[PDB]
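Here the structure comes first, spelled out in structure tokens, and everything after it is commentary.
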2 protein chains.
Amino acid sequence: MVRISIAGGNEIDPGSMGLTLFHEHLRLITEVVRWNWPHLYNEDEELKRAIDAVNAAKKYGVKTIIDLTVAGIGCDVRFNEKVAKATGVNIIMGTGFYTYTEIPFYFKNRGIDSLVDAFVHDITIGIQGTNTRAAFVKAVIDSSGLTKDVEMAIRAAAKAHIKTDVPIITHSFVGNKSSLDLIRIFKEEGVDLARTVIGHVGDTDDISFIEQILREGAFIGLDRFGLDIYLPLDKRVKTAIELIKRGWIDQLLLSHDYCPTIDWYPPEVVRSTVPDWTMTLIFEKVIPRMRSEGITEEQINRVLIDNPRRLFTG
Amino acid sequence: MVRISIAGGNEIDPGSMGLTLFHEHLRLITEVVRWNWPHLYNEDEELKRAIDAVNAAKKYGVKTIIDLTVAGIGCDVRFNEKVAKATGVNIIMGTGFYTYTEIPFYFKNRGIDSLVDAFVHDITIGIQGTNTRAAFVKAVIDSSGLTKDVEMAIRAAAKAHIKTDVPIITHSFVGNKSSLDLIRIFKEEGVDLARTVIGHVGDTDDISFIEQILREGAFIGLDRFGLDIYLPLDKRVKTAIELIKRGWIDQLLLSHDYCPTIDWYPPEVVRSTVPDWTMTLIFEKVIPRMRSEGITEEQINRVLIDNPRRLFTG
Ligand SMILES: CCCCCCCCCCCCCC(=O)O
Ligand SMILES: CCCCCCCCCCCCCC(=O)O
Ligand SMILES: [Co+2]
Ligand SMILES: [Co+2]
Ligand SMILES: [Co+2]
Ligand SMILES: [Co+2]
């Protein structure tokens, strides 16, 4: 019976997560830039935008949000504690190393075990000197594919899972075979695929490619609703309805991947280009369209409540 | 007439730097690792090792140390303020972005001007929310050569120099042509080479390669005395004596590049492999050997006092 730490250092367990967004962000920032140039940032605005987004989701029933911000994209327990105390929403945190190409010389010179030990420390003792412990581990691969450093960080995630039993939630890229690289590696390391999510699969509507992942037994992340560049909304909704009609409902997870702040781009170019991206679009637009095509209220609850719960049990 | 900020936010000017080590470190750490895994570090040990090293240099007459730790290797004004208040040694700080391959998506998505503006802010207003201002700018290239991101960061350093007139102190690699890449770029941007240091040239004893840099008019960094892997001590000393006998004394700068902490390696492997590396070796070993081969006390003073002073004037 698993105990899930939440920001603030209380615990809950899989059965009490309730209605959950399994992949979102509160603040996505680049550590080396914020450390060195704090004049480029405004902590009061960042906190306000995050509290606003999380309160909007809370209005539609969200009890638990899983924050996918790990090392390399600005993981910050203390910032998350403030969001949690202001909103009353449970925030689940994780560990891992986010990169598409390289890892730090710190870990290249010491090897895979030093990275595994850092993740195992966050999972068993606490993130960043706190008693909030990581409840999952992340692995990342994108359009550069499987570089050596990427392969190391993915295998480290797999090994931390093997030691601690926390699930693995991933980031992949549908424009190459990266999702299948993740599957191969996890199988080489003995990971039970039912404890993993292959991420960002919602970015494609190619049913045959999706089913080739689903046949391995993993969950899939239909997890960027609202980011149309990628795959427009109408195709994302259509794909989710079709996968449910074809029998796959127990392997589906939904989310928006919302970033109330993301430092990678100026904010104006993001607001102009994906103006519908929020942490509530699944409630305002996706779920009504699914219901009006015959998806049941219970089927929605299975996806948004049971599937996350089951990811975190077994 | 130039004002040089020092850690703590006092100012001095080139004439009062006095006996100077132009390239050293107080603490070299990886921001993303220390931000995310503070359990791997001990701030009290790091501070003590830095205060100890700086007091040892102070015993031999050092008044001013230039800290070459910039963004990407853990630049931290507040840590440096503590070292300064404890030791009474002037600490000069800089700006730039340290990398051998990639720069953050933050700057790739906004372009070279956003990096120039970050450096110009540190030089004219202050580093990290303080009134300690950067007094030089750094540019870096190593064994991967001139990647696109590296080229951007080098040109940004050149442009910040063109706006603000602070000197440029560089890191290069003698095993390829990187030193000459720096020279070409600085010339394309209109930089006066007498306001630059081509770094880590002391890692070679090939007189003909060194003179090809000296002929361009830049200073050179004979700046890793004590790191024998690279080029043993006896050859480094011999090269400095020969360059002075061949007429080059006004273009020579000496230092140890000492890191009281460096997170890239476990400490034991560093202590075992370069056991003589300290912030005092130039005083205990190099200068006596130079004097006993006929280098004058005034020639030593020209190198350790006038050359840094002149780097910072014009
Ligand atoms: C092309 C300029 C504006 C495009 C806006 C796209 C916003 C980028 C979304 C960030 C991708 C999600 C991050 C991640 O979770 O891995
Ligand atoms: C090969 C294992 C131990 C080797 C010890 C070498 C210590 C590395 C020195 C760091 C290089 C200077 C950093 C820099 O200033 O750019
Ligand atoms: Co992602
Ligand atoms: Co994400
Ligand atoms: Co260097
Ligand atoms: Co250095």
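Remember, it's 1-based here, ligands and their atoms both numbered in the order they're listed. Here is how names work: the chains are called A, B, and so on, in the same order as the sequence lines, proteins then strands, and each is numbered from 1. Basis for what follows: all heavy atoms, side chains included, without hydrogens, waters or symmetry-related copies.
Relative ring orientation between A:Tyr106 and B:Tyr41 is described as tilted, the plane-to-plane angle lying within the 30° to 60° band. Ring planes of A:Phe105 and B:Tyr100: tilted class, angle from 30 to 60°. Below 30°, between 30° and 60°, or above 60°: for B:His200 and B:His23 the angle between ring planes is between 30° and 60°, a tilted geometry.
In the model, B:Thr239 has no side-chain atom that pairs as donor or acceptor with a side-chain atom of B:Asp205 under 3.5 Å. If you check the side chains of B:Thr147 and B:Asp149, you find no donor sitting under 3.5 Å from an acceptor.
Side-chain atoms of A:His161 come within 3.5 Å of backbone N or O of A:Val166 as a donor-acceptor pair.
Among protein residues, A:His25, A:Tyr98, A:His171, A:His200, A:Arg224, A:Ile229, A:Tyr230, A:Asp257, A:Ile262, A:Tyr265 come within 4.0 Å of ligand 1, judged on heavy atoms.
Remark: B:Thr278 pairs with B:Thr280, B:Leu281 by the side-chain contact (heavy atoms from CB on, under 4.5 Å) rule, at least two apart or across chains.
Around the Co ion (ligand 6), protein N, O or S atoms at less than 2.8 Å number 3.
Within the 4.5 Å cutoff, the side chain of A:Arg34 has heavy atoms near those of the A:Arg27 side chain. With contacts defined as side-chain heavy-atom distances shorter than 4.5 Å, the pair B:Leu26/B:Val54 qualifies.
Looking only at N/O/S atoms, B:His200 comes nearest to the Co ion (ligand 5) through NE2.
Sequence neighbours left out, the pairs with a member in residues 166-186 of chain B that pass salt bridge (charged side-chain N to carboxylate O under 4.0 Å, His left out) are B:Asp181-B:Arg184, B:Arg184-B:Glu188.
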